[PDB]
Amino acid sequence: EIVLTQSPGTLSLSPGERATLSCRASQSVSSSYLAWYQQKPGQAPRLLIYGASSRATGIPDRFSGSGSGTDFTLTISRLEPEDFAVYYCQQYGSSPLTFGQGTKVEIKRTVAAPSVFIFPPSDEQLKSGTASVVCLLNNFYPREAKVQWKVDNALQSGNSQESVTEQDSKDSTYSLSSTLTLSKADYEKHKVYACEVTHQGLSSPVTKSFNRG
Amino acid sequence: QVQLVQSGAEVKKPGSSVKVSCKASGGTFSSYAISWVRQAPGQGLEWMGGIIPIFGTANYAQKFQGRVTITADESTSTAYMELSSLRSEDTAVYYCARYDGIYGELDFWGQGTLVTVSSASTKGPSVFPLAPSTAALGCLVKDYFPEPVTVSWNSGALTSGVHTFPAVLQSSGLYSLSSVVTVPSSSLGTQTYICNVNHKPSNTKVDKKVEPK
């Protein structure tokens, strides 16, 4: 079995720039039997390059593949606004036919700090027996951010889930919501509900909190 | 120019089997190869098997081998993908991909088929309001099954500044989702805000008025 690795993880550029994408293989690939694909959020993949370095029909000029054996490249010379998506290198040499973990091409913009907001659980939900505290991180860049839940300055982990949006087309930013879920009983046992956010657009961590009631 | 149409999405209990159909129509090339690629939510691309329907030859992936059979009814050009002995890990969107012409340079894909493998059964969502802090407000679509759901605001009248976040999977096996919207502070005690939550699978549409409490 052959394993494929791509670099970097995400790639942050702007329309009109050159993109250089990598694919380190752990073994040799039949002369040059590696493919490149495009994928936009919630859509079927799209073959772009076959046999390491051959454009599929329809695929525009800017695209091109290079290298063979165990090391491969994909290169977009001038980025178009439609060329921002996930890219996957795939080998069709030896079974099982394997894919890479992929590379994201996102729009690079100037850093933006998150607008942090915290919502206490509704009246209606507290009747049903469970409490959900939502922490919202709005319109921030880059995507890397931390959320640390605190309940009476006892740090939490395990009892919350989170979820990030896809990059906004309007302002090139992301948004993340985190939900701290625990029972009616557990929510009443405590006083302070804090949400500590550590994004690089902040000088130091930010804490948004509320006292129950 | 061929037209690949996949079967409707479905939900199966663990242990059972699934059969995903993929209809093809058009394209003179009657020597085509069919590939089946799945994608678990958030994860990369994963190949499963490939068949050349005409020849009758078919390969499979090391991982699944035994659990997966790929058949083809040559008369209606419909490819098939049967995965048995299902586990939670098998929850994914599944794609059929047709490859035409010598090198296989012609790229054609199905729309994808969502297979949800879970114990817990079809249930409606409970919409809880996230009361306002420009000020931010939103809804919490909690405890539904299966995916997807659709959230809009004022029947689509408010679509500016809305963030619907990807769902998360709770330990209960049900999905939780939150929608938020940045609105003007001044419009609070004057303008009506209602989120419309549509859940086609469970046959449930619920509207909820969000206001300060």
# chains A, B, ... in the order shown; residues from 1 in each chain; ligands from 1
call {"tool": "interface_residues", "arguments": {"of": "chain B", "to": "chain A", "cutoff": "7 Å", "atoms": "only C-alpha atoms", "output": "ChimeraX atom specification"}}
result
/B:44-47,61-62,105-107,109,111,128-131,165-166
call {"tool": "select_by_dssp", "arguments": {"residues": "range 157-197 of chain B", "states": "strand (DSSP E)", "output": "PyMOL selection string"}}
result
chain B and resi 162-164+168-169+175-183+193-197
call {"tool": "atom_distance", "arguments": {"atom1": "CA of residue 205 in chain B", "atom2": "CA of residue 175 in chain B"}}
result
16.2 Å
call {"tool": "residues_around", "arguments": {"residues": "residue 37 in chain B", "least_positions_apart": "2", "cutoff": "9 Å", "atoms": "only C-alpha atoms", "output": "list in words"}}
result
residues 35, 39, 45, 46, 47, 48, 49, 93, 94, 95, 96 and 97 of chain B
call {"tool": "closest_residue", "arguments": {"among": "A:23, A:192, A:74, A:85", "to": "residue 40 in chain A", "atoms": "only C-alpha atoms"}}
result
A:85
call {"tool": "atom_distance", "arguments": {"atom1": "CA of residue 24 in chain B", "atom2": "CA of residue 77 in chain B"}}
result
5.3 Å
call {"tool": "atom_distance", "arguments": {"atom1": "CA of residue 182 in chain B", "atom2": "CA of residue 127 in chain B"}}
result
18.7 Å
call {"tool": "residues_around", "arguments": {"residues": "residue 204 in chain B", "least_positions_apart": "4", "cutoff": "9 Å", "atoms": "only C-alpha atoms", "output": "count of residues only"}}
result
6
call {"tool": "residues_around", "arguments": {"residues": "residue 207 in chain A", "least_positions_apart": "6", "cutoff": "12 Å", "atoms": "only C-alpha atoms", "output": "ChimeraX atom specification"}}
result
/A:114-118,135-137,146-150,153,192-199
call {"tool": "select_by_dssp", "arguments": {"residues": "range 21-205 of chain A", "states": "alpha helix (DSSP H)", "output": "ChimeraX atom specification"}}
result
/A:123-128,184-188
call {"tool": "write_last_selection", "arguments": {"atoms": "N, CA, C and O atoms", "output": "JSON list (two decimals), in the first residue's frame"}}
result
[["chain", "number", "residue", "atom", "x", "y", "z"],
["A", 123, "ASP", "N", -35.11, 29.35, 28.03],
["A", 123, "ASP", "CA", -36.10, 28.96, 29.02],
["A", 123, "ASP", "C", -36.68, 27.61, 28.63],
["A", 123, "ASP", "O", -36.74, 26.68, 29.44],
["A", 124, "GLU", "N", -37.06, 27.51, 27.36],
["A", 124, "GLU", "CA", -37.71, 26.34, 26.77],
["A", 124, "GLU", "C", -36.87, 25.06, 26.87],
["A", 124, "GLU", "O", -37.41, 23.98, 27.11],
["A", 125, "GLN", "N", -35.55, 25.19, 26.67],
["A", 125, "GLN", "CA", -34.64, 24.05, 26.72],
["A", 125, "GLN", "C", -34.41, 23.56, 28.15],
["A", 125, "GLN", "O", -34.23, 22.37, 28.39],
["A", 126, "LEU", "N", -34.41, 24.50, 29.09],
["A", 126, "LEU", "CA", -34.20, 24.19, 30.51],
["A", 126, "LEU", "C", -35.35, 23.38, 31.11],
["A", 126, "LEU", "O", -35.15, 22.65, 32.09],
["A", 127, "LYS", "N", -36.53, 23.52, 30.51],
["A", 127, "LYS", "CA", -37.68, 22.67, 30.84],
["A", 127, "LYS", "C", -37.44, 21.22, 30.45],
["A", 127, "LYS", "O", -37.82, 20.30, 31.18],
["A", 128, "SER", "N", -36.80, 21.01, 29.30],
["A", 128, "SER", "CA", -36.59, 19.66, 28.75],
["A", 128, "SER", "C", -35.49, 18.86, 29.45],
["A", 128, "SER", "O", -35.36, 17.66, 29.23],
["A", 184, "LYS", "N", -29.69, 19.86, 33.09],
["A", 184, "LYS", "CA", -30.37, 20.84, 33.94],
["A", 184, "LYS", "C", -29.73, 20.85, 35.33],
["A", 184, "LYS", "O", -29.30, 21.90, 35.81],
["A", 185, "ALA", "N", -29.64, 19.67, 35.93],
["A", 185, "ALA", "CA", -29.05, 19.48, 37.25],
["A", 185, "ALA", "C", -27.63, 20.06, 37.37],
["A", 185, "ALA", "O", -27.34, 20.81, 38.30],
["A", 186, "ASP", "N", -26.77, 19.71, 36.41],
["A", 186, "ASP", "CA", -25.37, 20.18, 36.38],
["A", 186, "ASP", "C", -25.24, 21.70, 36.18],
["A", 186, "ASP", "O", -24.35, 22.33, 36.74],
["A", 187, "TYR", "N", -26.13, 22.27, 35.37],
["A", 187, "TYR", "CA", -26.12, 23.70, 35.07],
["A", 187, "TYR", "C", -26.50, 24.53, 36.29],
["A", 187, "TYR", "O", -26.00, 25.65, 36.48],
["A", 188, "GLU", "N", -27.38, 23.98, 37.12],
["A", 188, "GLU", "CA", -27.84, 24.65, 38.33],
["A", 188, "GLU", "C", -26.84, 24.56, 39.49],
["A", 188, "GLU", "O", -26.87, 25.38, 40.40]]
call {"tool": "residues_around", "arguments": {"residues": "residue 87 in chain B", "least_positions_apart": "5", "cutoff": "7 Å", "atoms": "only C-alpha atoms", "output": "PyMOL selection string"}}
result
chain B and resi 14-15+117
call {"tool": "residues_around", "arguments": {"residues": "residue 75 in chain B", "least_positions_apart": "2", "cutoff": "12 Å", "atoms": "only C-alpha atoms", "output": "JSON, numbers by chain"}}
result
{"B": [23, 24, 25, 30, 53, 54, 72, 73, 77, 78, 79]}
call {"tool": "closest_residue", "arguments": {"among": "A:6, A:20, A:173, A:66", "to": "residue 109 in chain A", "atoms": "only C-alpha atoms"}}
result
A:173
call {"tool": "closest_residue", "arguments": {"among": "B:92, B:162, B:188, B:58", "to": "residue 139 in chain B", "atoms": "only C-alpha atoms"}}
result
B:162
